[PDB]
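So this one's upload00.txt, compact mmCIF, C-alpha atoms:
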```txt
# COMPACT_ATOMS: atom_id res chain seq x y z
CA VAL A 250 11.34 -4.60 -8.44
CA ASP A 251 9.54 -2.97 -11.36
CA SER A 252 8.55 -6.33 -12.89
CA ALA A 253 6.40 -7.16 -9.85
CA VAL A 254 3.45 -5.18 -11.24
CA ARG A 255 3.25 -7.09 -14.52
CA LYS A 256 4.22 -10.22 -12.60
CA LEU A 257 1.06 -9.96 -10.51
CA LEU A 258 -1.06 -8.64 -13.40
CA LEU A 259 -0.31 -10.92 -16.34
CA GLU A 260 0.68 -14.36 -15.05
CA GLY A 261 -0.21 -13.97 -11.34
CA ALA A 262 -3.49 -15.82 -10.74
CA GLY A 263 -5.77 -18.25 -12.56
CA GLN A 264 -7.36 -15.46 -14.59
CA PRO A 265 -4.72 -13.48 -16.54
CA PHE A 266 -4.56 -10.02 -18.06
CA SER A 267 -3.03 -9.02 -21.39
CA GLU A 268 -0.63 -6.21 -22.28
CA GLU A 269 -3.23 -4.58 -24.54
CA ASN A 270 -5.54 -4.40 -21.52
CA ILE A 271 -2.93 -2.40 -19.57
CA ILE A 272 -3.35 1.26 -20.47
CA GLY A 273 -0.76 2.47 -17.98
CA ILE A 274 1.44 1.58 -15.03
CA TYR A 275 2.79 4.62 -13.20
CA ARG A 276 4.91 5.32 -10.17
CA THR A 277 3.29 7.36 -7.41
CA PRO A 278 4.83 10.68 -6.36
CA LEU A 279 7.86 10.61 -4.11
CA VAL A 280 6.57 13.34 -1.76
CA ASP A 281 3.14 14.46 -0.56
CA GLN A 282 1.95 18.08 -0.57
CA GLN A 283 3.89 18.82 2.64
CA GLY A 284 7.18 17.62 1.14
CA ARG A 285 7.60 14.48 3.23
CA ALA A 286 9.20 11.57 1.41
CA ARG A 287 6.33 9.08 1.24
CA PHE A 288 8.50 5.96 1.11
CA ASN A 289 10.66 7.08 4.06
CA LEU A 290 7.50 7.71 6.10
CA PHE A 291 6.28 4.20 5.29
CA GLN A 292 9.67 2.75 6.25
CA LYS A 293 9.41 4.61 9.55
CA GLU A 294 5.92 3.18 10.10
CA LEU A 295 7.25 -0.24 9.08
CA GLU A 296 9.97 -0.08 11.73
CA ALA A 297 7.55 1.09 14.43
CA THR A 298 5.10 -1.76 13.79
CA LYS A 299 8.00 -4.22 13.64
CA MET A 300 9.23 -3.04 17.04
CA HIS A 301 5.78 -3.14 18.62
CA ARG A 302 4.48 -6.47 17.23
CA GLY A 303 7.68 -8.28 16.27
CA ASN A 304 6.75 -8.26 12.59
CA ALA A 305 5.33 -5.53 10.38
CA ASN A 306 3.53 -8.04 8.09
CA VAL A 307 3.93 -5.92 4.96
CA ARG A 308 1.84 -7.22 2.07
CA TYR A 309 1.21 -6.23 -1.51
CA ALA A 310 -2.44 -5.42 -2.09
CA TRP A 311 -4.67 -3.87 -4.74
CA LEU A 312 -6.72 -0.77 -3.91
CA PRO A 313 -9.80 -0.11 -6.09
CA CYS A 314 -9.77 3.41 -7.53
CA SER A 315 -11.94 5.94 -9.27
CA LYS A 316 -10.64 8.55 -11.69
CA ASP A 317 -10.82 11.21 -8.96
CA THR A 318 -9.03 9.22 -6.25
CA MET A 319 -6.23 8.26 -8.62
CA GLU A 320 -5.92 11.94 -9.50
CA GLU A 321 -5.62 12.87 -5.81
CA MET A 322 -2.62 10.53 -5.54
CA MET A 323 -1.05 11.30 -8.94
CA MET A 324 -1.46 15.10 -8.70
CA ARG A 325 -1.09 15.71 -4.98
CA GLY A 326 0.25 12.62 -3.23
CA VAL A 327 -3.00 12.45 -1.24
CA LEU A 328 -4.63 9.08 -0.55
CA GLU A 329 -8.41 8.90 -1.09
CA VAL A 330 -10.48 5.71 -0.84
CA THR A 331 -13.62 4.83 -2.82
CA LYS A 332 -16.67 3.07 -1.40
CA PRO A 337 -16.18 -5.63 0.69
CA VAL A 338 -18.91 -6.12 3.30
CA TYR A 339 -16.25 -6.79 5.95
CA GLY A 340 -16.39 -3.82 8.30
CA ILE A 341 -16.14 -0.05 7.91
CA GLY A 342 -12.67 0.64 6.58
CA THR A 343 -10.52 0.51 3.49
CA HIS A 344 -10.86 -2.82 1.67
CA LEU A 345 -8.01 -4.19 -0.43
CA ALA A 346 -7.50 -7.32 -2.45
CA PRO A 347 -4.51 -9.63 -1.94
CA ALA A 348 -1.60 -9.35 -4.34
CA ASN A 349 -2.70 -12.33 -6.44
CA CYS A 350 -6.35 -11.18 -6.62
CA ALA A 351 -6.07 -8.36 -9.16
CA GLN A 352 -8.90 -9.99 -11.12
CA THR A 353 -10.99 -10.10 -7.95
CA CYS A 354 -10.24 -6.44 -7.28
CA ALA A 355 -11.05 -5.94 -10.98
CA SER A 356 -14.40 -7.72 -10.77
CA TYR A 357 -15.21 -5.77 -7.58
CA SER A 358 -14.14 -2.37 -8.98
CA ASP A 359 -16.15 0.03 -11.10
CA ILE A 360 -15.88 0.23 -14.89
CA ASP A 361 -16.40 3.74 -16.21
CA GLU A 362 -17.96 5.03 -19.45
CA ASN A 363 -14.75 4.49 -21.44
CA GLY A 364 -14.50 0.84 -20.34
CA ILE A 365 -11.61 1.50 -17.95
CA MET A 366 -10.77 0.19 -14.49
CA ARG A 367 -8.31 1.79 -12.06
CA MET A 368 -6.48 0.41 -9.06
CA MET A 369 -3.34 0.96 -7.05
CA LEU A 370 -0.68 -1.51 -6.04
CA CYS A 371 0.06 -0.72 -2.39
CA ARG A 372 2.41 -1.99 0.26
CA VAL A 373 0.25 -2.32 3.37
CA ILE A 374 1.40 -2.68 6.97
CA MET A 375 -1.07 -5.22 8.34
CA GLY A 376 0.64 -6.07 11.62
CA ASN A 377 -1.39 -8.53 13.67
CA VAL A 378 -4.56 -9.59 11.79
CA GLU A 379 -7.96 -10.79 13.05
CA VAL A 380 -11.10 -12.11 11.36
CA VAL A 381 -13.78 -9.58 10.40
CA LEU A 382 -17.27 -10.99 9.92
CA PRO A 383 -19.21 -10.33 6.70
CA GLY A 384 -21.59 -7.44 7.20
CA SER A 385 -19.63 -6.37 10.30
CA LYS A 386 -19.87 -2.77 11.48
CA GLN A 387 -16.36 -2.92 12.98
CA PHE A 388 -14.29 0.24 12.49
CA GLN A 389 -11.21 -0.33 14.67
CA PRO A 390 -9.11 -3.21 16.02
CA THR A 391 -11.01 -5.34 18.51
CA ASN A 392 -8.42 -4.68 21.21
CA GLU A 393 -4.82 -3.60 21.66
CA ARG A 394 -3.44 -6.89 20.31
CA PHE A 395 -4.55 -6.45 16.67
CA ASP A 396 -3.91 -3.97 13.85
CA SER A 397 -5.90 -4.97 10.74
CA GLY A 398 -8.57 -7.38 9.51
CA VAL A 399 -8.92 -10.27 7.08
CA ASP A 400 -12.00 -12.16 6.00
CA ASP A 401 -10.25 -15.53 6.44
CA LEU A 402 -7.06 -16.35 8.38
CA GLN A 403 -6.09 -19.32 6.19
CA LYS A 404 -7.42 -18.13 2.79
CA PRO A 405 -7.68 -14.32 2.84
CA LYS A 406 -9.76 -12.78 0.07
CA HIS A 407 -9.99 -9.28 1.56
CA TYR A 408 -7.67 -7.06 3.59
CA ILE A 409 -9.23 -4.38 5.80
CA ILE A 410 -7.34 -1.33 7.06
CA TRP A 411 -9.14 0.70 9.71
CA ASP A 412 -9.63 4.44 9.29
CA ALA A 413 -7.15 5.23 12.07
CA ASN A 414 -4.35 3.48 10.14
CA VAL A 415 -5.12 4.35 6.49
CA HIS A 416 -2.78 7.35 6.40
CA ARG A 417 0.14 5.45 7.99
CA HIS A 418 -0.13 1.80 6.87
CA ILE A 419 -1.06 2.11 3.16
CA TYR A 420 1.73 3.13 0.75
CA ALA A 421 0.44 3.44 -2.80
CA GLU A 422 3.36 2.51 -5.05
CA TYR A 423 1.94 1.97 -8.55
CA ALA A 424 -1.09 3.36 -10.34
CA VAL A 425 -2.56 0.85 -12.79
CA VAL A 426 -5.06 1.66 -15.54
CA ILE A 427 -6.78 -1.21 -17.33
CA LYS A 428 -9.13 -1.47 -20.32
CA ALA A 429 -12.06 -3.80 -19.66
CA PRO A 430 -11.24 -7.04 -21.50
CA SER A 431 -12.06 -7.07 -25.23
```
Conversion result in structure tokens:
Amino acid sequence: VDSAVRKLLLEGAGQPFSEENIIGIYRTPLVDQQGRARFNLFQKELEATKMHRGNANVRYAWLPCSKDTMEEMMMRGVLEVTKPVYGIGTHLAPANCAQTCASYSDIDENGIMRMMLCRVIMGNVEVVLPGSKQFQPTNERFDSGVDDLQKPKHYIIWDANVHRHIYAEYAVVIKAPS
């Protein structure tokens, strides 16, 4: 559903955003450089995790972006991550924490923030400690990390899974407020 982006952005959490703050919302490319349909690949990965774990645990999440990394996606279908003290991996904010991902993302010279709404295959999650140097699942039973099992504020995707479990779906460009 197209409305889900503004749904999460404007009315989602306690802190809202305004339409004037949204510079752009854009779909990501359908194929990567090598012509593979990106959504179909993600569906394939979704089915594989579902069959292995019993549930794929697909979430919406916000990926902090720089100008360059958004360009890699929007020009070439390539996923690049910018450098969240919870392990060595890709850190994402839960769907309702766009303001948190906003407060934890960079603001450039033109007063602009960038982020991407992704569907993420999390699979089985475990706790990652703050300041942890973890870079992979603890053991074969887990796939991804959270900072808190009851009240997650951060999702963590390990390097080995970034190219198969993160599907960037919308690019979002926001003007710093007022």
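The closest residue to residue 292 (chain A), picked from A:280, A:305, A:368, A:348 and counting all atoms listed in the file, is A:305.
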Would you compute, for all listed atoms of region 320-325 of chain A, the axis-aligned bounding box grown by 5 Å on each side, and then report its centre and edge lengths in Å rounded to one decimal, as lines of an AutoDock Vina configuration file?
```
center_x = -3.5
center_y = 13.1
center_z = -7.2
size_x = 14.9
size_y = 15.2
size_z = 14.5
```
| query | Hey, what's within 10 Å of residue 324 (chain A) if we count only C-alpha atoms and toss same-chain stuff fewer than 4 positions away? As number ranges by chain, please? | reply | A: 277-278, 281-282, 318-320
Could you list, with a cut-off of 8 Å and counting all atoms listed in the file, the residues of region 286-372 of chain A near region 377-389 of chain A, each shown with its nearest atom pair and the distance in Å rounded to one decimal, rows sorted by chain and ascending number, as CSV?
```
residue,atom,partner,partner_atom,distance
A:302,CA,A:377,CA,7.2
A:306,CA,A:377,CA,7.5
A:338,CA,A:384,CA,4.9
A:339,CA,A:383,CA,4.7
A:340,CA,A:385,CA,4.6
A:341,CA,A:388,CA,4.9
A:342,CA,A:388,CA,6.1
```
Kindly export the residues of the current selection with C-alpha atoms, as a JSON list (two decimals), in the frame of the given file.
```
[["chain", "number", "residue", "atom", "x", "y", "z"],
["A", 302, "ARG", "CA", 4.48, -6.47, 17.23],
["A", 306, "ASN", "CA", 3.53, -8.04, 8.09],
["A", 338, "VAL", "CA", -18.91, -6.12, 3.30],
["A", 339, "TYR", "CA", -16.25, -6.79, 5.95],
["A", 340, "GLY", "CA", -16.39, -3.82, 8.30],
["A", 341, "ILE", "CA", -16.14, -0.05, 7.91],
["A", 342, "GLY", "CA", -12.67, 0.64, 6.58]]
```
| request: Give me the residues within 10 Å of residue 314 (chain A) as a list in words, counting only C-alpha atoms and dropping any in the same chain fewer than 3 places off. | output: residues 311, 317, 318, 319, 320, 329, 330, 331, 332, 354, 358, 359, 366, 367, 368, 369, 424, 425 and 426 of chain A
| message | Quick one: residues within 8 Å of residue 376 (chain A), only C-alpha atoms, excluding same-chain residues fewer than 3 positions away - as an MDAnalysis selection string? | response | chainID A and resid 298:299 302 304:307 395:397
| said: Calculated over only C-alpha atoms, which of the candidates A:285, A:417, A:276, A:428 has the smallest distance to residue 364 (chain A)? | reply: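 Between A:285, A:417, A:276, A:428, the residue approaching residue 364 (chain A) most closely is A:428.
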| message | Here is a test: counting only C-alpha atoms, which residue of A:355, A:373, A:286, A:258 is nearest to residue 429 (chain A)? | response |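 Nearest candidate to residue 429 (chain A) out of A:355, A:373, A:286, A:258: A:355.
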| said: Counting all atoms listed in the file, find residues at most 12 Å from (1.7, -8.9, -12.9) (file frame) and give them as a ChimeraX atom specification. | reply: /A:250-268,271,274,309,311,348-352,370,423,425
